[PDB]
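Working notes for the structure below.
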Amino acid sequence: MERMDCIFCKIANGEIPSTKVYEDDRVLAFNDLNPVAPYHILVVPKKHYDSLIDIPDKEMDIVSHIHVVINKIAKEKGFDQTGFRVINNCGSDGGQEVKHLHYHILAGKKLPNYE
Amino acid sequence: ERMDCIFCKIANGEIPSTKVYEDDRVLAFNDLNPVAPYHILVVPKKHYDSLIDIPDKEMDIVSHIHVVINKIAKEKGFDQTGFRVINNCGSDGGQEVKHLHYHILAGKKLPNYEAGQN
Ligand SMILES: Nc1nc2c(ncn2[C@@H]2O[C@H](COP(=O)(O)O)[C@@H](O)[C@H]2O)c(=O)[nH]1
Ligand SMILES: Nc1nc2c(ncn2[C@@H]2O[C@H](COP(=O)(O)O)[C@@H](O)[C@H]2O)c(=O)[nH]1
Ligand SMILES: [K+]
Ligand SMILES: [K+]
Ligand SMILES: [Zn+2]
Ligand SMILES: [Zn+2]
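Okay, structure coming up:
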């Protein structure tokens with residue numbers, strides 16, 4: 001379902017404004033407020049999960065659906081052939097700040113390589 | 002399978018690696034050049050060049066990879082401390098090895114690399 005205090009529940013259900021790039025009955029994709037690349041898009045389920053590690057194994061296909069949507073967005077926006085990065089930050093060490101499952105799509109420039 | 006693919010050779014057991022997970026579909030192994038105390042690569046045994054080369058109807062391999070990630074996290078204890086999952090797709094994504102793989106980084110407070118932190 002949803003969480004009353006969750007900013008991404010409210011963005012996903014339209015109660016807080018965003019710039020939407022894709023929507024279906026299971027997910028919303030919208031531009032990040034603080035982009036780190038020319039494309040910085042968040043893909044979220046409409047159902048609230050706190051984080052990846054909180055999705056039961058039996059429910060993990062939400063992540064596959066998110067990935068079908070990521071590929072659709074990359075093709076539509078013309079960054080599939082140039083390339084892109086997909087990130088999930090889980091919990092404290094992962095750097096998660098908003099506790100509602102989200103995947104970052106970063107594209108439109110050559111991204112840094114971790115060294 | 003691809004002759005020039007390091008990960009096909011690691012997956013079919015032709016090349017040595019340090020194995021973290023294996024089932025009939027997926028292998029996970031330590032990255033040769035780790036950037037965190039846990040730096041694990043999770044790969045299908047089947048070769049796909051990249052995320053965009055997976056047909057929609059086969060995207061369940063990504064869900065299975067994520068079950069594997071969570072299983073490893075729970076075993077190792079970084080379920081509680083946190084972790085990051087990364088896929089690099091194509092040139093600008095920084096993909097080098099053109100065989101679908103996910104990076105798991107864990108075991109330390111990770112920097113926001115794409116925001117410039119190291
Ligand atoms: N569009 C939008 N993005 C937000 C809002 N609040 C936070 N963000 C973005 O949400 C992301 C949270 O990612 P995290 O660091 O939790 O992985 C950040 O990149 C941040 O800029 C908001 O109100 N609207
Ligand atoms: N274990 C192992 N990792 C490798 C080998 N060759 C490359 N790698 C790792 O494969 C990763 C590829 O990530 P990419 O940058 O393509 O997303 C790199 O982090 C690199 O260290 C190898 O022979 N063995
Ligand atoms: K998340
Ligand atoms: K890949
Ligand atoms: Zn929420
Ligand atoms: Zn391969």
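These protein sequence lines are chains B and A, in that order.
Using the authors' numbering, the letters of the first sequence map in sequence onto residues 1 to 115.
Using the authors' numbering, the letters of the second sequence map in sequence onto residues 2 to 119.
Here a beta-carbon is modelled for each residue, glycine too, at the ideal position from N, C-alpha and C.
query                                                                                                                                                         : result
Can you find at least 3 beta carbon pairs, one from the stretch 45–62 of chain B and one from the stretch 33–43 of chain A, that sit closer than 8 angstroms? : no
Could you tell me the boundaries of the beta strand (DSSP E) in which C90/A lies?                                                                             : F84 to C90
Output the boundary residues of the alpha helix (DSSP H) element that contains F8/A.                                                                          : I7 to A12
Between the stretch 69–79 of chain B and the stretch 22–30 of chain A, do at least 3 Cβ pairs fall closer than 8 angstroms?                                   : no
For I87/A and chain B, any beta-carbon pair shorter than 8 angstroms?                                                                                         : yes
Can you find a CB in chain B that lies within less than 8 angstroms of the CB of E15/A?                                                                       : no
Starting from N113/B, trace the beta strand (DSSP E) both ways and give me its first and last residue.                                                        : Taken as a continuous stretch (DSSP letters only), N113/B belongs to no beta strand (DSSP E), as it is neither H nor E.
So which residues of chain A does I53/B contact, with C-beta pairs closer than 7 angstroms?                                                                   : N71, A74 and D80
Can you give me, in chain order, the residues of the stretch 36–53 of chain B that have a beta carbon less than 8 angstroms from any beta carbon in chain A?  : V36, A37, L52 and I53
What do you get for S51/B, buried or exposed, if any count of 16 or more other CB atoms within 10 angstroms of its CB means buried?                           : buried
Can you round the beta-carbon distance between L33/B and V44/B to whole angstroms, since I take them to be within the 8 angstroms contact cut?                : About 13 angstroms; that fails the 8 angstroms criterion.
State buried or exposed for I87/B, treating a residue as buried only when at least 16 other CB atoms are found within 10 Å of its CB.                         : buried
Report yes if the C-beta of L111/A is less than 7 angstroms from at least one heavy atom of ligand 3; otherwise report no.                                    : no
Do you know how far the Cα of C90/B is from the Cα of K47/B?                                                                                                  : 17 angstroms
So the candidates are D93/B, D61/B, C9/B and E2/B; which of them puts its Cα closest to the Cα of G108/A?                                                     : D93/B
Tell me, please, whether the CB atom of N31/B is closer than 8 angstroms to any CB atom in chain A?                                                           : no
Quick check on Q96/B: buried or exposed, where buried means 16 or more other Cβ atoms within 10 Å of its Cβ?                                                  : buried
For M1/B and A116/A, I'd like the C-alpha separation in whole angstroms.                                                                                      : 32 angstroms
Tell me whether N119/A sits in a helix, a strand or coil according to DSSP, three-state version.                                                              : coil
Run down chain B in chain order and give the residues with a C-beta less than 7 angstroms from the C-beta of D57/A.                                           : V68
Closer than 5 angstroms between the C-beta and any heavy atom of ligand 5: which residues qualify, listed along the chain?                                    : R3/B, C6/B, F8/B, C9/B, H48/B and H100/B
Rounded to a whole number of angstroms, what is the C-alpha to C-alpha distance between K99/A and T19/A?                                                      : 20 angstroms
Could you give the distance in angstroms between the alpha-carbon of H102/B and the alpha-carbon of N31/A?                                                    : 25 angstroms
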